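Novice: Please find structure.pdb (PDB, N, CA and C atoms) on the next line:
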ATOM      1  N   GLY A   1     -15.472  19.544  11.735  1.00  0.00           N
ATOM      2  CA  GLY A   1     -16.482  18.593  12.165  1.00  0.00           C
ATOM      3  C   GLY A   1     -16.665  17.481  11.129  1.00  0.00           C
ATOM      4  N   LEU A   2     -16.379  17.826   9.882  1.00  0.00           N
ATOM      5  CA  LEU A   2     -16.509  16.872   8.794  1.00  0.00           C
ATOM      6  C   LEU A   2     -15.351  15.874   8.857  1.00  0.00           C
ATOM      7  N   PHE A   3     -14.146  16.418   8.945  1.00  0.00           N
ATOM      8  CA  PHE A   3     -12.954  15.589   9.013  1.00  0.00           C
ATOM      9  C   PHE A   3     -13.104  14.498  10.075  1.00  0.00           C
ATOM     10  N   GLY A   4     -13.964  14.776  11.045  1.00  0.00           N
ATOM     11  CA  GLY A   4     -14.206  13.831  12.122  1.00  0.00           C
ATOM     12  C   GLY A   4     -15.176  12.733  11.680  1.00  0.00           C
ATOM     13  N   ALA A   5     -16.018  13.084  10.718  1.00  0.00           N
ATOM     14  CA  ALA A   5     -16.995  12.143  10.199  1.00  0.00           C
ATOM     15  C   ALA A   5     -16.323  11.232   9.169  1.00  0.00           C
ATOM     16  N   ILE A   6     -15.443  11.831   8.382  1.00  0.00           N
ATOM     17  CA  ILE A   6     -14.728  11.088   7.357  1.00  0.00           C
ATOM     18  C   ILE A   6     -14.192   9.788   7.958  1.00  0.00           C
ATOM     19  N   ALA A   7     -13.721   9.892   9.191  1.00  0.00           N
ATOM     20  CA  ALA A   7     -13.180   8.737   9.887  1.00  0.00           C
ATOM     21  C   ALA A   7     -14.197   7.595   9.837  1.00  0.00           C
ATOM     22  N   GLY A   8     -15.465   7.969   9.924  1.00  0.00           N
ATOM     23  CA  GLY A   8     -16.538   6.991   9.891  1.00  0.00           C
ATOM     24  C   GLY A   8     -16.444   6.118   8.638  1.00  0.00           C
ATOM     25  N   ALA A   9     -16.066   6.754   7.538  1.00  0.00           N
ATOM     26  CA  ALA A   9     -15.934   6.051   6.274  1.00  0.00           C
ATOM     27  C   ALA A   9     -14.546   5.412   6.193  1.00  0.00           C
ATOM     28  N   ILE A  10     -13.569   6.124   6.733  1.00  0.00           N
ATOM     29  CA  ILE A  10     -12.199   5.641   6.729  1.00  0.00           C
ATOM     30  C   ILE A  10     -12.182   4.166   7.136  1.00  0.00           C
ATOM     31  N   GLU A  11     -13.190   3.786   7.907  1.00  0.00           N
ATOM     32  CA  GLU A  11     -13.302   2.412   8.369  1.00  0.00           C
ATOM     33  C   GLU A  11     -13.261   1.448   7.182  1.00  0.00           C
ATOM     34  N   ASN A  12     -13.644   1.967   6.024  1.00  0.00           N
ATOM     35  CA  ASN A  12     -13.654   1.166   4.813  1.00  0.00           C
ATOM     36  C   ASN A  12     -12.950   1.935   3.693  1.00  0.00           C
ATOM     37  N   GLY A  13     -12.656   3.194   3.978  1.00  0.00           N
ATOM     38  CA  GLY A  13     -11.986   4.044   3.007  1.00  0.00           C
ATOM     39  C   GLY A  13     -10.559   3.556   2.743  1.00  0.00           C
ATOM     40  N   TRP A  14      -9.977   2.948   3.767  1.00  0.00           N
ATOM     41  CA  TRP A  14      -8.624   2.432   3.659  1.00  0.00           C
ATOM     42  C   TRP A  14      -8.600   1.395   2.534  1.00  0.00           C
ATOM     43  N   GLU A  15      -9.724   0.711   2.381  1.00  0.00           N
ATOM     44  CA  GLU A  15      -9.846  -0.307   1.350  1.00  0.00           C
ATOM     45  C   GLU A  15      -9.343   0.232   0.010  1.00  0.00           C
ATOM     46  N   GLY A  16      -9.374   1.551  -0.111  1.00  0.00           N
ATOM     47  CA  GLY A  16      -8.926   2.202  -1.330  1.00  0.00           C
ATOM     48  C   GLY A  16      -7.402   2.154  -1.450  1.00  0.00           C
ATOM     49  N   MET A  17      -6.747   2.268  -0.305  1.00  0.00           N
ATOM     50  CA  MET A  17      -5.294   2.239  -0.267  1.00  0.00           C
ATOM     51  C   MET A  17      -4.774   0.800  -0.264  1.00  0.00           C
ATOM     52  N   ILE A  18      -5.704  -0.131  -0.111  1.00  0.00           N
ATOM     53  CA  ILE A  18      -5.355  -1.540  -0.089  1.00  0.00           C
ATOM     54  C   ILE A  18      -4.751  -1.933  -1.439  1.00  0.00           C
ATOM     55  N   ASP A  19      -5.545  -1.748  -2.483  1.00  0.00           N
ATOM     56  CA  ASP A  19      -5.102  -2.077  -3.827  1.00  0.00           C
ATOM     57  C   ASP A  19      -3.863  -1.247  -4.168  1.00  0.00           C
ATOM     58  N   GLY A  20      -2.821  -1.948  -4.592  1.00  0.00           N
ATOM     59  CA  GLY A  20      -1.576  -1.291  -4.952  1.00  0.00           C
ATOM     60  C   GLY A  20      -0.382  -2.223  -4.734  1.00  0.00           C
TER
END
Here is a file; write its structure as structure tokens.
Specialist:
Amino acid sequence: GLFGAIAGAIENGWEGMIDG
């Protein structure tokens, strides 16, 4: 159920994978 919520952040979490 959490992994499903993480997606909520993933909306901006990807921003982490941006830098590189």
Novice: Do you have the atom N of residue 19 (chain A)-atom N of residue 7 (chain A) distance handy?
Specialist: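 Between atom N of residue 19 (chain A) and atom N of residue 7 (chain A) the gap works out to 18.4 Å.
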Novice: Kindly give the distance, in Å, that separates atom C of residue 5 (chain A) and atom N of residue 17 (chain A), rounded to a single decimal.
Specialist: 16.2 Å
Novice: Hey, can I get the axis-aligned box for region 5-12 of chain A? All listed atoms, 6 Å padding on each side, centre and edge lengths in Å to one decimal, as lines of an AutoDock Vina configuration file.
Specialist:
center_x = -14.6
center_y = 7.1
center_z = 7.2
size_x = 16.8
size_y = 23.9
size_z = 19.0
Novice: What are the DSSP alpha helix (DSSP H) residues of chain A, as a list in words?
Specialist: residues 2, 3, 4, 5, 6, 7, 8, 9, 10, 11, 12, 13, 15, 16, 17 and 18 of chain A
